[PDB]
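The block underneath contains the structure these notes are about, expressed in structure tokens.
No lab work stands behind these numbers, since they all come straight from the coordinates. Here the Cβ positions follow ideal geometry from the backbone for every residue, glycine too, while neighbour counts run over all protein chains shown.
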Amino acid sequence: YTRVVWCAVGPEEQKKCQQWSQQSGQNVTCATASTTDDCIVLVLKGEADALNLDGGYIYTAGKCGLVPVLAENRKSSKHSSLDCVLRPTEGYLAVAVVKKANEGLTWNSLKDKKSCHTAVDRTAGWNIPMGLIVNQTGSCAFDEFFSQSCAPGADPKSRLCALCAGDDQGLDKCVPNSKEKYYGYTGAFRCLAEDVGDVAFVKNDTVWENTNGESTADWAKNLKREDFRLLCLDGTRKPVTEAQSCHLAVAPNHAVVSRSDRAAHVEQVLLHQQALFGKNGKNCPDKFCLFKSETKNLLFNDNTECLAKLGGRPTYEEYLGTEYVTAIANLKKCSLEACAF
Ligand SMILES: *[C@@H]1O[C@H](CO)[C@@H](O[C@@H]2O[C@H](CO)[C@@H](O[C@H]3O[C@H](CO)[C@@H](O)[C@H](O)[C@@H]3O)[C@H](O)[C@H]2NC(C)=O)[C@H](O)[C@H]1NC(C)=O
Ligand SMILES: *[C@@H]1O[C@H](CO)[C@@H](O[C@@H]2O[C@H](CO)[C@@H](O[C@H]3O[C@H](CO)[C@@H](O)[C@H](O)[C@@H]3O)[C@H](O)[C@H]2NC(C)=O)[C@H](O)[C@H]1NC(C)=O
Ligand SMILES: OC[C@H]1O[C@@H](O[C@H]2[C@H](O)[C@@H](O)[C@H](O[C@H]3[C@H](O)[C@@H](O)[C@@H](O)O[C@@H]3CO)O[C@@H]2CO)[C@H](O)[C@@H](O)[C@@H]1O
Ligand SMILES: *[C@@H]1O[C@H](CO)[C@@H](O[C@@H]2O[C@H](CO)[C@@H](O)[C@H](O)[C@H]2NC(C)=O)[C@H](O)[C@H]1NC(C)=O
Ligand SMILES: [Fe+3]
Ligand SMILES: [Zn+2]
Ligand SMILES: [Zn+2]
């Protein structure tokens, strides 16, 4: 039993996974696919064991019978005595971010603007903002709301992909993987930072992690926090320090999923793998760090302190929360219970 097959999304995650595989002495090995959905399918077929997923994807995986195993836990300021692995998770803040210099843009004037999204089907990047927009407009035509977008996973010829840039060669425009310039938390924030889009749908952490010298990357080197504003649901604009009072939702943390039959073994191996290559890992600083990838958030978010135990042995619905689950279901009525594959 003692061999885990991880699923990497796109070639950059594949490279990191391969490095992890070498360092783990083949206790972990690698399968790779072009999209998160394709990785879920590999897991369903039994051709991979597990991968770490945004909540929108957990919904897809869970409808197909896959179960939550361990959750990303970032640093906090409550439960400070408990070990990270045993500390409850707090969830992240889904936000809408704009330029300060884009004056007079508010939640209530987004129609016909230009948007940047992590990917179709993701929590902060898609399910939350598009769910809110569908409800408020009373329309399922969320594909005509913004003039142009980068929403990796959408039809490449459509307005929803028009602002996506693809790779160095301009290949893979709008692919939902790290090859697409504007993919994920960091890519969607870059899309806003470079003024390609008017609004980015990301999380609070993303803004902090890519401003005021936190990044060193060329697009991010020179970005100042005061040059960004958050859009509140009441139509107000706030500094990025006010995220606790100006967010779109609180999201369940990204989490590892697997087949029920493999969950116990995946959990055992991962707890051991992080003891070696996690935050204070025995071999991290030094040989390999599983939670770093120079802000590219590959396999796991770079702000992950550890993978934490769940408790209550939750179903995917209990993990995501009834609130969020119904919000996703309601949104998916635009595009009632079954596996998508
Ligand atoms: C988009 O609009 C949807 C329809 O109004 C909405 O779904 C509704 O969500 C609410 C709150 O989550 C549910 O109301 C629930 O209220 C309490 C929560 O403790 C429960 O005791 C009730 O049993 C009930 O479930 C509605 O049931 C639900 N409506 C439907 C028809 O599914 C979405 O939340 C909206 N989406 C977003 C992103 O805001
Ligand atoms: C929005 O996201 C921000 C980035 O995640 C986050 O700021 C971070 O918050 C933690 C504590 O909550 C800070 O604490 C860290 O740094 C101190 C010393 O500087 C250490 O003692 C701690 O061990 C810990 O590592 C982070 O410094 C801080 N990150 C940055 C780069 O600013 C905000 O809390 C988030 N806002 C909301 C409302 O949730
Ligand atoms: O505990 C069993 C119980 O779980 C309920 O769902 C919980 C999730 O377990 C929990 O993770 C979630 O927590 C947060 C998450 O960030 C967001 O959902 C946010 O909106 O709320 C929390 C903020 O910290 O909360 C949900 C409940 O909202 C199931 O609904 C229930 O069926 C089950 O019995
Ligand atoms: C690969 O996995 C094996 C099996 O779990 C690990 O070997 C175990 O190491 C643990 C922790 O020190 C011991 O408690 C067990 O006695 C060992 N079991 C067996 C059967 O060898 C091994 O450490 C792992 N290697 C790496 C680098 O991840
Ligand atoms: Fe997410
Ligand atoms: Zn709130
Ligand atoms: Zn339960």
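Tabulated results
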{"item": "Cα-based equivalent ellipsoid, the range 238-277: semi-axes from gyration tensor eigenvalues, Å", "result": "35, 15, 5"}
{"item": "Reciprocal mean inverse distance between Cα atoms of the range 115-157 - Kirkwood radius, Å", "result": "10.5"}
{"item": "Contour minus Cα-Cα distance for residue 1 and residue 227 (0.36 nm per residue)", "result": "76.2 nm"}
{"item": "Note, ³J(HN,Hα) from phi for the range 291-308, Karplus 6.51, -1.76, 1.60, rounded to Hz, x at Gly and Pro", "result": "9, 10, 6, 6, 6, 9, 6, 8, 6, 9, 5, 5, 8, 5, 7, 6, 8, 9"}
{"item": "Long-range HN-HN contacts of residue 5 with modeled amide H, under 5 Å", "result": "29, 49, 50"}
{"item": "Percentage relative contact order, the range 104-229, counting C-alpha pairs under 8 Å, at least six apart", "result": "24"}
{"item": "Cα Rg, Dmax, the range 276-341, angstrom units", "result": "17.4, 49"}
{"item": "Residue-by-residue Karplus 3J(HN,Hα) for the range 44-57, coefficients 6.51, -1.76, 1.60, Hz, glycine and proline x", "result": "4, 6, x, 9, 9, 9, 6, 7, 8, 9, 4, x, x, 5"}
{"item": "Rg in Å to one decimal, and Dmax rounded to a whole Å, for the range 1-104 via C-alpha atoms", "result": "17.4, 58"}
{"item": "All-pairs Cα distance distribution in the range 55-103, expressed in whole percent, bin size 5 Å", "result": "5, 15, 17, 13, 15, 14, 11, 6, 4, 0"}
{"item": "Kirkwood Rh in Å, taken over all unlike Cα pairs in the range 161-237", "result": "13.1"}
{"item": "In sequence order, calculated HN-Hα J values of the range 116-126 (Karplus, 6.51, -1.76, 1.60; Hz; x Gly/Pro)", "result": "10, 10, 4, 5, 3, 6, 7, 5, 6, x, 9"}
{"item": "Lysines whose Cα lies under 16 Å from that of residue 296, excluding same-chain neighbours fewer than 8 positions away", "result": "15, 16, 179, 181, 203, 221"}
{"item": "Proximal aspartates and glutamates to residue 99, defined as alpha-carbon separation beneath 20 angstrom and excluding residues fewer than eight positions away on the same chain", "result": "112, 194, 195, 198, 205, 209, 214, 218, 226, 227, 234, 242"}
{"item": "Kirkwood hydrodynamic radius of the range 217-341, from inverse mean 1/r over distinct Cα pairs, in Å", "result": "18.4"}
{"item": "Fewest-first ranking of 319, 182, 1, using other Cβ atoms within 10 Å as the exposure measure", "result": "1, 319, 182"}
{"item": "Virtual spin-label span in nm between residue 18 and residue 80, 7 Å along Cα→Cβ", "result": "4.4"}
{"item": "Computed log₁₀ I(q)/I(0) - Debye formula, equal Cα scatterers, no solvent, the range 95-141, q 0.16, 0.30 Å⁻¹", "result": "-0.47, -1.30"}
{"item": "Summed residue charge, Cβ within 10 Å of residue 146's Cβ, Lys/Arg positive, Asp/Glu negative", "result": "0"}
{"item": "For the chain, the Rg and Dmax computed from alpha carbons only, in angstrom", "result": "19.1, 58"}
{"item": "Projected label distance in nm at residue 155 and residue 38, using a 7 Å step from Cα toward the beta-carbon", "result": "2.1"}
{"item": "The chain - mean residue ellipticity at 222 nm from DSSP helices (-39,500 (n - 2.57) per run, n ≥ 4, rounded to 500)", "result": "-7500 deg cm²/dmol"}
{"item": "Overall form of the range 135-198 per C-alpha gyration tensor (a/c, 1.5; a/b vs b/c)", "result": "prolate"}
{"item": "Cα gyration tensor category, rounded, prolate or oblate, for the range 1-50 with a/c compared to 1.5", "result": "oblate"}
{"item": "Amide hydrogen neighbours beyond the local backbone of residue 212, cut-off 5 Å, H modeled", "result": "223, 224, 225"}
{"item": "For residue 242, residues with placed amide H under 5 Å, excluding near neighbours", "result": "none"}
